[PDB]
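Chemist: Structure file query-v6.cif, mmCIF, C-alpha atoms, is pasted below:
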```
data_my_file
loop_
_atom_site.label_atom_id
_atom_site.label_comp_id
_atom_site.auth_asym_id
_atom_site.auth_seq_id
_atom_site.Cartn_x
_atom_site.Cartn_y
_atom_site.Cartn_z
CA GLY A 1 78.88 -27.30 15.62
CA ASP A 2 76.73 -29.21 13.12
CA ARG A 3 78.16 -31.15 10.14
CA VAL A 4 76.04 -34.19 9.11
CA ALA A 5 73.32 -33.12 6.68
CA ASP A 6 70.17 -34.57 8.32
CA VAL A 7 70.93 -32.39 11.37
CA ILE A 8 71.51 -29.20 9.39
CA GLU A 9 68.28 -29.71 7.43
CA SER A 10 66.02 -30.86 10.28
CA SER A 11 63.01 -28.91 11.49
CA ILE A 12 63.59 -30.10 15.06
CA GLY A 13 63.06 -27.12 17.33
CA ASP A 14 60.70 -25.02 15.17
CA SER A 15 58.71 -23.02 17.75
CA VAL A 16 56.64 -21.11 15.20
CA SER A 17 53.22 -22.75 15.09
CA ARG A 18 52.07 -22.44 11.49
CA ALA A 19 48.46 -21.21 11.28
CA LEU A 20 46.16 -22.07 8.37
CA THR A 21 43.64 -19.34 9.23
CA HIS A 22 43.63 -15.68 10.31
CA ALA A 23 41.10 -13.22 11.74
CA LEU A 24 39.46 -10.51 9.63
CA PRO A 25 37.48 -7.56 10.89
CA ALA A 26 33.73 -8.22 10.80
CA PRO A 27 31.82 -5.38 12.54
CA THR A 28 28.63 -6.10 10.58
CA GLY A 29 26.81 -8.99 8.98
CA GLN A 30 28.06 -9.73 5.50
CA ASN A 31 26.21 -8.08 2.63
CA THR A 32 24.35 -9.77 -0.18
CA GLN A 33 25.42 -9.23 -3.77
CA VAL A 34 23.22 -9.28 -6.87
CA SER A 35 23.12 -12.63 -8.67
CA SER A 36 21.49 -14.00 -11.82
CA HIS A 37 20.66 -17.34 -13.35
CA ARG A 38 23.62 -19.64 -13.96
CA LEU A 39 23.26 -22.72 -16.19
CA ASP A 40 26.72 -24.29 -16.13
CA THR A 41 28.46 -27.66 -16.18
CA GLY A 42 31.51 -28.15 -13.95
CA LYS A 43 30.37 -25.47 -11.50
CA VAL A 44 28.35 -26.95 -8.64
CA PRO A 45 28.27 -24.90 -5.34
CA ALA A 46 25.27 -26.82 -3.99
CA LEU A 47 27.09 -30.16 -3.86
CA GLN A 48 29.31 -30.76 -0.84
CA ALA A 49 31.22 -33.55 0.87
CA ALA A 50 30.50 -33.26 4.59
CA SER B 10 -5.06 24.60 -16.35
CA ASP B 11 -5.39 23.19 -12.84
CA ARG B 12 -9.04 22.29 -13.30
CA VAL B 13 -8.32 19.90 -16.19
CA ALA B 14 -6.20 16.75 -15.84
CA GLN B 15 -5.16 13.45 -17.38
CA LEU B 16 -3.74 10.55 -15.40
CA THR B 17 -2.14 7.89 -17.58
CA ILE B 18 -0.51 4.78 -16.17
CA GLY B 19 -0.33 1.30 -17.65
CA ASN B 20 -3.07 0.72 -20.24
CA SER B 21 -5.45 3.09 -18.47
CA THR B 22 -6.15 6.82 -18.69
CA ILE B 23 -8.36 9.06 -16.56
CA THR B 24 -9.71 12.48 -17.46
CA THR B 25 -11.42 15.21 -15.46
CA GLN B 26 -12.46 18.72 -16.39
CA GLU B 27 -13.24 19.81 -12.84
CA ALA B 28 -10.23 18.96 -10.69
CA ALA B 29 -8.64 20.69 -7.73
CA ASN B 30 -4.99 19.94 -8.23
CA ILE B 31 -3.27 16.83 -6.89
CA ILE B 32 -2.13 15.96 -3.37
CA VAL B 33 1.13 14.09 -2.79
CA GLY B 34 0.99 12.48 0.63
CA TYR B 35 3.55 13.86 3.07
CA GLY B 36 5.18 15.56 0.13
CA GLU B 37 6.88 12.51 -1.35
CA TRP B 38 6.42 10.38 -4.43
CA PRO B 39 6.34 6.58 -4.30
CA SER B 40 9.68 4.88 -4.89
CA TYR B 41 11.24 1.42 -4.96
CA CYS B 42 13.04 0.12 -1.88
CA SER B 43 16.75 1.02 -1.76
CA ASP B 44 19.43 -1.61 -1.19
CA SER B 45 20.21 -0.10 2.23
CA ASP B 46 16.64 -0.11 3.55
CA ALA B 47 15.95 -3.59 2.18
CA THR B 48 16.67 -6.64 4.32
CA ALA B 49 15.26 -9.69 2.49
CA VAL B 50 17.84 -11.08 0.07
CA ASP B 51 15.83 -12.58 -2.76
CA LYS B 52 15.61 -10.63 -5.99
CA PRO B 53 12.19 -8.92 -6.07
CA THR B 54 9.82 -9.01 -9.02
CA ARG B 55 8.53 -5.70 -10.40
CA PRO B 56 5.66 -6.60 -12.84
CA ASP B 57 5.32 -2.94 -13.83
CA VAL B 58 2.47 -2.17 -16.28
CA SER B 59 0.47 -5.33 -15.56
CA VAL B 60 -0.11 -4.25 -11.96
CA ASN B 61 0.60 -0.51 -11.88
CA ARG B 62 -2.58 0.53 -13.66
CA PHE B 63 -5.96 2.01 -12.73
CA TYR B 64 -8.54 -0.34 -11.23
CA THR B 65 -12.15 0.81 -10.77
CA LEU B 66 -13.39 -1.29 -7.86
CA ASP B 67 -16.62 0.06 -6.48
CA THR B 68 -19.47 2.55 -6.69
CA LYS B 69 -21.46 3.81 -3.73
CA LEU B 70 -24.61 5.91 -3.82
CA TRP B 71 -24.46 9.23 -2.03
CA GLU B 72 -27.76 9.80 -0.24
CA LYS B 73 -29.09 12.70 1.84
CA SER B 74 -28.59 10.53 4.91
CA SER B 75 -25.34 8.74 4.07
CA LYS B 76 -22.89 8.53 6.97
CA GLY B 77 -19.66 7.75 5.10
CA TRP B 78 -17.50 4.80 4.02
CA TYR B 79 -13.95 3.50 4.22
CA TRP B 80 -11.72 1.05 2.35
CA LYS B 81 -8.47 -0.61 3.38
CA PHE B 82 -5.28 -0.78 1.30
CA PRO B 83 -3.99 -3.07 -0.12
CA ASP B 84 -6.99 -5.15 0.96
CA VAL B 85 -9.25 -3.69 -1.79
CA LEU B 86 -7.04 -5.13 -4.54
CA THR B 87 -5.88 -8.49 -3.15
CA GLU B 88 -8.34 -10.36 -5.38
CA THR B 89 -8.21 -8.23 -8.52
CA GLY B 90 -6.21 -8.64 -11.73
CA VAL B 91 -2.50 -9.41 -11.87
CA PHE B 92 -1.81 -7.31 -8.78
CA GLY B 93 -3.97 -9.66 -6.72
CA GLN B 94 -2.19 -12.75 -8.01
CA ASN B 95 1.22 -11.31 -7.09
CA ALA B 96 -0.03 -10.34 -3.64
CA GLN B 97 -1.23 -13.90 -3.18
CA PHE B 98 1.85 -15.73 -4.49
CA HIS B 99 4.31 -13.58 -2.54
CA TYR B 100 4.89 -13.14 1.19
CA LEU B 101 6.39 -9.69 0.72
CA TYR B 102 4.75 -6.70 -0.97
CA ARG B 103 5.27 -2.95 -1.15
CA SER B 104 3.85 -0.19 -3.32
CA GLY B 105 2.43 3.29 -3.52
CA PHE B 106 -1.02 4.31 -4.73
CA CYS B 107 -2.75 6.90 -6.84
CA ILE B 108 -6.30 7.29 -5.60
CA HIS B 109 -8.94 8.99 -7.77
CA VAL B 110 -12.40 9.42 -6.23
CA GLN B 111 -15.11 10.44 -8.68
CA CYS B 112 -18.44 12.19 -8.02
CA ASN B 113 -20.18 14.54 -10.41
CA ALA B 114 -23.56 16.27 -10.12
CA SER B 115 -25.15 19.47 -11.46
CA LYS B 116 -24.69 23.17 -10.85
CA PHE B 117 -27.91 22.90 -8.82
CA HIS B 118 -26.82 20.08 -6.49
CA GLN B 119 -24.75 20.76 -3.36
CA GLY B 120 -22.73 18.93 -0.73
CA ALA B 121 -19.15 18.28 0.25
CA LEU B 122 -17.22 15.05 0.71
CA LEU B 123 -13.99 14.82 2.67
CA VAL B 124 -11.62 12.33 1.02
CA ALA B 125 -8.71 11.35 3.26
CA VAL B 126 -6.01 8.75 3.77
CA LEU B 127 -5.31 7.52 7.30
CA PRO B 128 -2.29 5.23 7.84
CA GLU B 129 -2.68 2.30 10.24
CA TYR B 130 -6.44 2.85 10.49
CA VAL B 131 -7.28 0.57 13.39
CA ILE B 132 -10.99 0.04 13.95
CA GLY B 133 -12.58 0.02 17.40
CA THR B 134 -15.89 -1.34 18.67
CA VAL B 135 -18.48 0.34 20.86
CA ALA B 136 -17.53 -2.10 23.64
CA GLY B 137 -21.06 -3.40 24.20
CA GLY B 138 -22.44 0.13 24.53
CA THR B 139 -21.66 0.41 28.23
CA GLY B 140 -17.94 0.00 27.59
CA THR B 141 -17.71 -2.83 30.07
CA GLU B 142 -17.46 -5.46 27.36
CA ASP B 143 -14.11 -5.84 25.55
CA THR B 144 -15.46 -6.78 22.12
CA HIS B 145 -13.42 -6.71 18.90
CA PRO B 146 -14.28 -5.98 15.29
CA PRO B 147 -14.71 -8.97 12.92
CA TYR B 148 -12.54 -9.68 9.86
CA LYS B 149 -15.20 -8.35 7.47
CA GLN B 150 -15.02 -5.00 9.24
CA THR B 151 -11.24 -4.63 9.55
CA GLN B 152 -10.63 -5.87 5.98
CA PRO B 153 -13.94 -5.23 4.09
CA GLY B 154 -12.48 -5.81 0.64
CA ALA B 155 -13.64 -3.98 -2.48
CA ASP B 156 -17.17 -3.27 -1.21
CA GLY B 157 -15.74 -1.24 1.61
CA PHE B 158 -17.72 -0.66 4.78
CA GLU B 159 -20.07 2.01 6.15
CA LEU B 160 -19.05 4.02 9.21
CA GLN B 161 -21.35 3.58 12.21
CA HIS B 162 -20.20 6.66 14.13
CA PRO B 163 -18.40 8.99 11.69
CA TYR B 164 -17.87 11.74 14.29
CA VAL B 165 -15.31 9.53 16.04
CA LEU B 166 -14.25 7.59 12.93
CA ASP B 167 -15.31 4.32 14.63
CA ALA B 168 -12.05 4.52 16.58
CA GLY B 169 -12.47 7.16 19.29
CA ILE B 170 -10.77 9.94 17.31
CA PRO B 171 -12.23 13.22 16.01
CA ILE B 172 -12.98 13.31 12.30
CA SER B 173 -12.71 17.09 12.65
CA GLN B 174 -8.92 16.61 12.73
CA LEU B 175 -8.74 14.13 9.86
CA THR B 176 -7.48 16.96 7.65
CA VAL B 177 -4.08 16.48 9.30
CA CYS B 178 -3.86 13.56 6.86
CA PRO B 179 -3.38 13.76 3.10
CA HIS B 180 -6.82 14.80 1.84
CA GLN B 181 -8.98 16.72 -0.62
CA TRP B 182 -12.63 17.72 -0.69
CA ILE B 183 -15.22 17.17 -3.35
CA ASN B 184 -17.40 20.28 -3.07
CA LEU B 185 -19.97 19.81 -5.82
CA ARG B 186 -20.01 23.51 -6.75
CA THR B 187 -16.26 23.32 -7.32
CA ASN B 188 -14.84 19.95 -8.36
CA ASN B 189 -16.04 16.47 -9.27
CA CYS B 190 -13.06 14.42 -8.11
CA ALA B 191 -10.20 14.04 -5.67
CA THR B 192 -6.75 12.74 -6.49
CA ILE B 193 -4.30 11.71 -3.80
CA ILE B 194 -0.91 10.09 -4.37
CA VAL B 195 0.36 7.97 -1.48
CA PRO B 196 3.88 6.64 -0.94
CA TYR B 197 4.51 3.37 0.87
CA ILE B 198 4.01 3.98 4.58
CA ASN B 199 5.35 1.45 7.11
CA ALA B 200 8.03 0.82 9.74
CA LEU B 201 9.33 -2.05 7.59
CA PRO B 202 10.61 -1.98 3.98
CA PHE B 203 8.20 -4.73 2.84
CA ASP B 204 5.26 -6.47 4.53
CA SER B 205 2.35 -8.85 3.92
CA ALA B 206 -0.39 -7.55 1.66
CA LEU B 207 -2.80 -9.88 3.44
CA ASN B 208 -2.14 -9.44 7.14
CA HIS B 209 -1.38 -5.75 7.10
CA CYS B 210 -3.37 -2.80 5.76
CA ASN B 211 -1.04 0.17 5.44
CA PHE B 212 -3.72 2.85 5.37
CA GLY B 213 -7.42 3.41 5.00
CA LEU B 214 -9.28 5.58 2.52
CA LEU B 215 -12.14 7.56 4.05
CA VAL B 216 -14.90 9.25 2.04
CA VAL B 217 -17.22 11.11 4.38
CA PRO B 218 -19.91 13.67 3.63
CA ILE B 219 -19.39 16.68 5.93
CA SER B 220 -21.91 18.93 4.19
CA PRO B 221 -25.01 16.85 3.25
CA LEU B 222 -26.10 16.18 -0.31
CA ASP B 223 -29.08 18.30 -1.29
CA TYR B 224 -31.13 19.24 -4.33
CA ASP B 225 -34.73 20.00 -5.33
CA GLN B 226 -37.38 17.47 -6.39
CA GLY B 227 -36.91 16.80 -10.09
CA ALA B 228 -33.13 16.80 -10.30
CA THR B 229 -31.29 13.51 -10.80
CA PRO B 230 -31.43 11.89 -7.33
CA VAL B 231 -28.91 9.12 -8.02
CA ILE B 232 -25.48 10.58 -7.28
CA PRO B 233 -22.75 7.89 -7.42
CA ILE B 234 -19.31 8.03 -5.84
CA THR B 235 -16.82 5.86 -7.71
CA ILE B 236 -13.47 4.63 -6.42
CA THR B 237 -10.59 4.15 -8.89
CA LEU B 238 -7.05 3.42 -7.76
CA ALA B 239 -3.67 2.42 -9.15
CA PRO B 240 -0.64 0.83 -7.49
CA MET B 241 2.68 2.59 -8.08
CA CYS B 242 6.14 0.98 -7.97
CA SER B 243 4.81 -2.42 -6.96
CA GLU B 244 7.49 -4.84 -5.71
CA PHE B 245 7.09 -8.45 -4.57
CA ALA B 246 9.35 -11.03 -2.89
CA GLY B 247 9.24 -14.29 -0.95
CA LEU B 248 7.64 -16.46 -3.62
CA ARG B 249 5.66 -19.66 -2.98
CA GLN B 250 2.11 -21.01 -3.54
CA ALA B 251 -0.85 -18.66 -3.66
CA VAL B 252 -2.61 -17.87 -0.39
CA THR B 253 -5.79 -15.83 0.12
CA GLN B 254 -5.27 -15.14 3.83
#
```
Can the structure from this file be put into structure tokens for me?
Modeler:
Amino acid sequence: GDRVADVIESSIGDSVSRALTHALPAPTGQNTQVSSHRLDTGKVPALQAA
Amino acid sequence: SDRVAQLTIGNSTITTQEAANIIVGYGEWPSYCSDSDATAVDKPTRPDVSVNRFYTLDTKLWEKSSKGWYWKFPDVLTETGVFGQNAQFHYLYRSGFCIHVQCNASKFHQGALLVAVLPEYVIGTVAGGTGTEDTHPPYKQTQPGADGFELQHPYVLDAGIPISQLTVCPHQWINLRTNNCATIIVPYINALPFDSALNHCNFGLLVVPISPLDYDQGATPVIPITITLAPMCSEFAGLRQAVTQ
């Protein structure tokens, strides 16, 4: 049996590999939606951090 | 009530009191490209009234010996008005056309003109006469511009095909004793939703006399044939700097 706390609460032995991503069906190329002019501050899709 | 007509589009209006109805190429009116046929993603520009209007581009003289002429679309308009500018500034173009060919005379003149529209009107050469030389037509003959070009061998349409079967294409006749004009409406015809107005001519307009012009000495001998046309549902995409070719 287990009695000391660190042992009861440990994750030692977890065999379930957590996955951050999952597959989605994609039988066709994505579509393009209508868009209009946007003149905002704060929003900046073009800027990235490679 | 079928003889009289008024064509109004943009800031231009046409009238005729001796018409012969209107032809709608392949039975379908021009239309804008649907979102399912389209492929290019940029939002198109549809100038409307500034480009979908009637443009009178050229006048030819019908003579007793005339062989016939042809014009290429959209080549004829690439350098005219706002339409031309849009065709030059954009890679992609698409539109329909309303063609109105005018030719009046008197109740004493006679002759008949066949006015027809032939899609993908590729021009051929006489191959050096003997047919042993693989020559090719020059740019000024494939894309003659607003002045058009005169057919050298109308019987074979300068492309090895019988003009006698040209009526399988949207057409009308101008039989002087009957009507003084021909009106044909053409939808956009291509295997692609949009294309270049400069590199590709969707169809050609042919105006060929099948029954020769005739009249007696004393009657007005100058019988003009004027070409007026209007783009319909013009759409443009792929914007950048202007290019003439």
Chemist: Just to confirm, what's the straight-line distance from CA of residue 203 in chain B to CA of residue 45 in chain B in Å (one decimal)?
Modeler: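 The value is 12.9 Å.
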Chemist: Using all atoms listed in the file and a distance of at most 12 Å, pull out the residues of chain B that contact chain A, as a list in words.
Modeler: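 The answer, sorted by residue number, is residues 44, 45, 47, 48, 49, 50, 51, 52 and 53 of chain B.
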Chemist: Write the residues of the preceding selection, restricted to C-alpha atoms, as a PDB file, in the frame of the given file.
Modeler:
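In the end it all went to result_31.pdb:
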```pdb
ATOM      1  CA  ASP B  44      19.430  -1.610  -1.190  1.00  0.00           C
ATOM      2  CA  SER B  45      20.210  -0.100   2.230  1.00  0.00           C
ATOM      3  CA  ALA B  47      15.950  -3.590   2.180  1.00  0.00           C
ATOM      4  CA  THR B  48      16.670  -6.640   4.320  1.00  0.00           C
ATOM      5  CA  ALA B  49      15.260  -9.690   2.490  1.00  0.00           C
ATOM      6  CA  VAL B  50      17.840 -11.080   0.070  1.00  0.00           C
ATOM      7  CA  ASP B  51      15.830 -12.580  -2.760  1.00  0.00           C
ATOM      8  CA  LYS B  52      15.610 -10.630  -5.990  1.00  0.00           C
ATOM      9  CA  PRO B  53      12.190  -8.920  -6.070  1.00  0.00           C
TER      10      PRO B  53
END
```
Chemist: One decimal, in Å: what's the spacing between CA of residue 194 in chain B and CA of residue 10 in chain B?
Modeler: 19.3 Å
Chemist: Around (-16.1, 3.7, 18.6) in the file's frame, which residues reach within 12 Å when counting all atoms listed in the file? Return as a ChimeraX atom specification?
Modeler: /B:131-140,143-146,160-172
Chemist: For the provided coordinates, the residues matched by the PyMOL selection byres ((chain B and resi 217-221) around 10) should be stated as JSON, numbers by chain.
Modeler: {"B": [71, 72, 73, 74, 75, 76, 77, 78, 79, 119, 120, 121, 122, 123, 124, 125, 159, 160, 163, 164, 166, 172, 173, 182, 183, 184, 214, 215, 216, 222, 223]}
Chemist: Restricted to C-alpha atoms, what would the selected residues look like written as a PDB file, in the frame of the given file?
Modeler:
```pdb
ATOM      1  CA  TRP B  71     -24.460   9.230  -2.030  1.00  0.00           C
ATOM      2  CA  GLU B  72     -27.760   9.800  -0.240  1.00  0.00           C
ATOM      3  CA  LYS B  73     -29.090  12.700   1.840  1.00  0.00           C
ATOM      4  CA  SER B  74     -28.590  10.530   4.910  1.00  0.00           C
ATOM      5  CA  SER B  75     -25.340   8.740   4.070  1.00  0.00           C
ATOM      6  CA  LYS B  76     -22.890   8.530   6.970  1.00  0.00           C
ATOM      7  CA  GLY B  77     -19.660   7.750   5.100  1.00  0.00           C
ATOM      8  CA  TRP B  78     -17.500   4.800   4.020  1.00  0.00           C
ATOM      9  CA  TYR B  79     -13.950   3.500   4.220  1.00  0.00           C
ATOM     10  CA  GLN B 119     -24.750  20.760  -3.360  1.00  0.00           C
ATOM     11  CA  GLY B 120     -22.730  18.930  -0.730  1.00  0.00           C
ATOM     12  CA  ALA B 121     -19.150  18.280   0.250  1.00  0.00           C
ATOM     13  CA  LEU B 122     -17.220  15.050   0.710  1.00  0.00           C
ATOM     14  CA  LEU B 123     -13.990  14.820   2.670  1.00  0.00           C
ATOM     15  CA  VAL B 124     -11.620  12.330   1.020  1.00  0.00           C
ATOM     16  CA  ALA B 125      -8.710  11.350   3.260  1.00  0.00           C
ATOM     17  CA  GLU B 159     -20.070   2.010   6.150  1.00  0.00           C
ATOM     18  CA  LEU B 160     -19.050   4.020   9.210  1.00  0.00           C
ATOM     19  CA  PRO B 163     -18.400   8.990  11.690  1.00  0.00           C
ATOM     20  CA  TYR B 164     -17.870  11.740  14.290  1.00  0.00           C
ATOM     21  CA  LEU B 166     -14.250   7.590  12.930  1.00  0.00           C
ATOM     22  CA  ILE B 172     -12.980  13.310  12.300  1.00  0.00           C
ATOM     23  CA  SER B 173     -12.710  17.090  12.650  1.00  0.00           C
ATOM     24  CA  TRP B 182     -12.630  17.720  -0.690  1.00  0.00           C
ATOM     25  CA  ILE B 183     -15.220  17.170  -3.350  1.00  0.00           C
ATOM     26  CA  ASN B 184     -17.400  20.280  -3.070  1.00  0.00           C
ATOM     27  CA  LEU B 214      -9.280   5.580   2.520  1.00  0.00           C
ATOM     28  CA  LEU B 215     -12.140   7.560   4.050  1.00  0.00           C
ATOM     29  CA  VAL B 216     -14.900   9.250   2.040  1.00  0.00           C
ATOM     30  CA  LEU B 222     -26.100  16.180  -0.310  1.00  0.00           C
ATOM     31  CA  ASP B 223     -29.080  18.300  -1.290  1.00  0.00           C
TER      32      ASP B 223
END
```
Chemist: Please expand the PyMOL selection byres ((chain B and resi 88) around 12) into the concrete residues it hits in this file, giving the result as a PyMOL selection string.
Modeler: chain B and resi 64+66+83-87+89-98+154-155+206-207+251-254
Chemist: Work out how far CA of residue 190 in chain B is from CA of residue 239 in chain B, in Å to one decimal.
Modeler: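 Between CA of residue 239 in chain B and CA of residue 190 in chain B the gap works out to 15.3 Å.
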Chemist: In file coordinates, which residues lie within 12 Å of (-1.6, 12.9, -4.6) using all atoms listed in the file, given as number ranges by chain?
Modeler: B: 16, 29-39, 105-110, 124-126, 178-181, 191-196, 238-239, 241
Chemist: When distances are computed from only C-alpha atoms, which of B:186, B:81, B:118, B:55 shows the smallest separation from residue 225 in chain B?
Modeler: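 Closest to residue 225 in chain B, using only C-alpha atoms: B:118.
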Chemist: Please put the answer as JSON: centre and edge lengths, in Å with one decimal, of a box along x, y and z that encloses all listed atoms of range 67-79 of chain B plus 5 Å on each side.
Modeler:
```
{"center_x": -21.5, "center_y": 6.4, "center_z": 0.1, "size_x": 25.1, "size_y": 22.6, "size_z": 23.7}
```
Chemist: Counting all atoms listed in the file, what is within 9 Å of residue 14 in chain B, bar same-chain residues fewer than 3 positions away, as a PDB file with C-alpha atoms, in the frame of the given file?
Modeler:
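Output file around14.pdb follows:
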```
ATOM      1  CA  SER B  10      -5.060  24.600 -16.350  1.00  0.00           C
ATOM      2  CA  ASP B  11      -5.390  23.190 -12.840  1.00  0.00           C
ATOM      3  CA  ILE B  23      -8.360   9.060 -16.560  1.00  0.00           C
ATOM      4  CA  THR B  24      -9.710  12.480 -17.460  1.00  0.00           C
ATOM      5  CA  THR B  25     -11.420  15.210 -15.460  1.00  0.00           C
ATOM      6  CA  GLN B  26     -12.460  18.720 -16.390  1.00  0.00           C
ATOM      7  CA  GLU B  27     -13.240  19.810 -12.840  1.00  0.00           C
ATOM      8  CA  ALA B  28     -10.230  18.960 -10.690  1.00  0.00           C
ATOM      9  CA  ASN B  30      -4.990  19.940  -8.230  1.00  0.00           C
TER      10      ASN B  30
END
```
Chemist: Could you check which of B:21, B:127, B:148, B:142 is closest to residue 176 in chain B, using all atoms listed in the file?
Modeler: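 Looking only at the distances to residue 176 in chain B, the closest residue turns out to be B:127.
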Chemist: Pick the closest to residue 240 in chain B from B:17, B:104, B:43, B:54: which is it, counting only C-alpha atoms?
Modeler: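 Using only C-alpha atoms, the shortest distance to residue 240 in chain B belongs to B:104.
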